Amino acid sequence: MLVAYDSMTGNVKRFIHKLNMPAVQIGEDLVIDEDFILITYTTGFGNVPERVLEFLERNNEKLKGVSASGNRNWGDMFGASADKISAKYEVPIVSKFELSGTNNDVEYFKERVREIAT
(Lines of atoms letter the chains of each structure in order from A and count residues from 1; the text may use other names and numbers.)
(Lines give C-alpha, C1' and ligand atoms only; values in the text may rest on other atoms or scores of the structure.)
Protein backbone atom coordinates (compact mmCIF):
# COMPACT_ATOMS: atom_id res chain seq x y z
CA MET A 1 0.00 0.00 0.00
CA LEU A 2 1.39 3.42 -1.04
CA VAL A 3 2.10 5.96 1.66
CA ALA A 4 1.95 9.66 0.77
CA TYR A 5 3.56 11.95 3.33
CA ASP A 6 4.64 15.44 4.17
CA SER A 7 7.27 16.61 6.63
CA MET A 8 8.52 20.15 7.47
CA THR A 9 11.21 19.39 10.05
CA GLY A 10 11.89 15.75 9.25
CA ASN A 11 9.97 13.80 11.90
CA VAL A 12 7.40 12.30 9.55
CA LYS A 13 10.17 11.70 7.02
CA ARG A 14 12.04 9.72 9.68
CA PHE A 15 8.90 7.71 10.42
CA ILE A 16 8.24 6.78 6.80
CA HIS A 17 11.85 5.57 6.36
CA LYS A 18 11.25 3.21 9.30
CA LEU A 19 8.25 1.70 7.51
CA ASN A 20 10.12 0.39 4.47
CA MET A 21 6.89 0.83 2.50
CA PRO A 22 6.41 2.44 -0.91
CA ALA A 23 6.29 6.12 -0.10
CA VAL A 24 6.03 9.42 -1.90
CA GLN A 25 6.62 12.91 -0.68
CA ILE A 26 3.62 15.05 -1.62
CA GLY A 27 3.87 18.01 -3.87
CA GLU A 28 1.50 20.43 -5.56
CA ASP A 29 1.92 18.74 -8.81
CA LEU A 30 1.39 15.36 -7.53
CA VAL A 31 -1.49 13.24 -8.76
CA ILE A 32 -1.72 9.81 -7.11
CA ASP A 33 -3.03 7.02 -9.28
CA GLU A 34 -3.78 4.36 -6.67
CA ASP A 35 -5.18 3.91 -3.17
CA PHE A 36 -2.96 5.52 -0.55
CA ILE A 37 -2.54 6.22 3.13
CA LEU A 38 -1.55 9.76 4.15
CA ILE A 39 0.89 10.55 6.92
CA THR A 40 0.76 14.20 7.93
CA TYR A 41 2.18 16.26 10.73
CA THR A 42 0.07 18.68 12.78
CA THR A 43 0.40 22.47 12.74
CA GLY A 44 -0.52 24.90 15.48
CA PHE A 45 -3.89 24.40 17.13
CA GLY A 46 -4.66 21.03 15.64
CA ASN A 47 -4.35 21.98 12.00
CA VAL A 48 -3.46 20.37 8.72
CA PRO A 49 -0.43 21.75 6.85
CA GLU A 50 -1.46 23.83 3.84
CA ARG A 51 0.59 21.72 1.45
CA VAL A 52 -1.34 18.65 2.64
CA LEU A 53 -4.65 20.49 2.32
CA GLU A 54 -3.87 21.47 -1.23
CA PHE A 55 -2.81 17.93 -2.11
CA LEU A 56 -5.95 16.45 -0.59
CA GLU A 57 -8.22 18.88 -2.39
CA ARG A 58 -6.91 17.25 -5.54
CA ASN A 59 -6.34 13.62 -4.41
CA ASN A 60 -8.93 12.77 -1.77
CA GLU A 61 -10.83 10.06 -3.75
CA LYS A 62 -7.84 7.68 -3.48
CA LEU A 63 -7.27 8.48 0.21
CA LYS A 64 -7.97 5.35 2.30
CA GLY A 65 -6.76 6.46 5.73
CA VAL A 66 -4.70 9.03 7.59
CA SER A 67 -2.11 8.99 10.34
CA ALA A 68 -0.78 12.05 12.12
CA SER A 69 2.46 12.89 13.77
CA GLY A 70 2.02 15.40 16.57
CA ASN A 71 2.92 16.10 20.18
CA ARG A 72 0.91 15.25 23.26
CA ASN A 73 1.90 18.61 24.84
CA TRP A 74 -0.94 19.89 22.57
CA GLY A 75 -3.48 18.08 24.74
CA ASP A 76 -6.73 17.49 22.90
CA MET A 77 -5.28 19.01 19.73
CA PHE A 78 -2.76 16.12 19.62
CA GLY A 79 -2.75 14.81 16.08
CA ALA A 80 -5.99 16.66 15.32
CA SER A 81 -4.94 17.01 11.71
CA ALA A 82 -5.99 13.38 11.40
CA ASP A 83 -9.35 14.04 13.06
CA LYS A 84 -10.05 16.79 10.55
CA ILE A 85 -9.08 14.74 7.53
CA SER A 86 -10.93 11.66 8.74
CA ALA A 87 -14.11 13.59 9.36
CA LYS A 88 -14.03 15.56 6.14
CA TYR A 89 -13.20 12.69 3.82
CA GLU A 90 -14.78 9.83 5.80
CA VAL A 91 -11.64 7.74 6.06
CA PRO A 92 -10.24 6.02 9.17
CA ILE A 93 -7.56 7.44 11.40
CA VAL A 94 -4.88 4.77 11.06
CA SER A 95 -2.89 5.99 14.02
CA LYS A 96 -1.47 8.94 15.86
CA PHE A 97 2.12 9.12 17.06
CA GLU A 98 4.45 11.67 18.52
CA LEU A 99 7.37 13.17 16.67
CA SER A 100 9.26 10.52 14.66
CA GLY A 101 7.45 7.66 16.42
CA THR A 102 8.56 4.66 18.40
CA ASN A 103 9.17 1.19 17.04
CA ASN A 104 5.77 0.20 18.39
CA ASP A 105 4.16 3.08 16.45
CA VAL A 106 5.85 1.86 13.27
CA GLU A 107 4.62 -1.71 13.78
CA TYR A 108 1.12 -0.61 14.70
CA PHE A 109 0.79 1.58 11.62
CA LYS A 110 1.80 -1.27 9.35
CA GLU A 111 -0.63 -3.67 10.99
CA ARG A 112 -3.52 -1.22 10.66
CA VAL A 113 -2.70 -0.47 7.03
CA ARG A 114 -2.56 -4.19 6.27
CA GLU A 115 -6.14 -4.37 7.57
CA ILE A 116 -7.34 -1.44 5.49
CA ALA A 117 -5.61 -2.74 2.35
CA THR A 118 -7.95 -5.83 2.54
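Note that residue numbering begins at 1 and tracks the sequence as displayed.
- Relative to its counterpart among 41 to 49 and 85 to 93, 85 to 93 has the higher mean temperature factor, C-alpha atoms as listed in the PDB entry.
- Stretches 101 to 109 and 21 to 29 differ in mean CA B factor, with 21 to 29 having the higher one.
- In the deposited entry, the Cα temperature factor of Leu2 places it in the middle third of its chain's modelled residues.
- In this PDB entry, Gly79 carries a Cα temperature factor that places it within the middle third of its chain's modelled residues.
- When the modelled residues of the chain are ordered by C-alpha B-factor, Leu56 sits in the highest third.
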